[PDB]
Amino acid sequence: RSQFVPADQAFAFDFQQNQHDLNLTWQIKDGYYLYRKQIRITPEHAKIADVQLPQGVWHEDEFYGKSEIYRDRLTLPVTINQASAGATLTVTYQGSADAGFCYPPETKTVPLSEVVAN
């Protein structure tokens, strides 16, 4: 009877790497959004360029204030300068539902394919 779907259905995460270029993606169900401020990306045994988060839209919470959020889909490129064998990228994010529901933060571990420094 719940109108709030499982976290992985509201925020469907995926990734694709091609050597030095990595793209992180989230398909965001209509009526849900991600908090730009809650995104954290951490490399393990890899060196990445500083990630620029894109400009999203705005949301207001009566007592909490305004926050920059993302709807529909979020595409985040990451540049992998180097990555040793078995390197990983820890990606953490958090979102909520407009009708009134807050999901806790979620963390995904991305196995990076090896990349020798250029």
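Each residue number is its position in the shown sequence, starting from 1.
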Quick one: say whether 79-87 or 60-68 has the higher mean Cα B-factor in the deposited entry.
60-68
Among the modelled residues of its chain, the C-alpha B-factor of residue 96 falls in the third labelled middle
Where does residue 28 sit by CA temperature factor within its chain: lowest, middle or highest third?
middle
Quick check on the deposited entry: does the C-alpha B-factor of residue 46 sit in the lowest, middle or highest third of its chain?
middle
Using the B-factor values recorded in the entry, state whether the Cα atom of residue 5 falls in the lowest, middle or highest third among the modelled residues of its chain.
highest
So, residue 112's CA B-factor, relative to its chain, sits in which third? The lowest
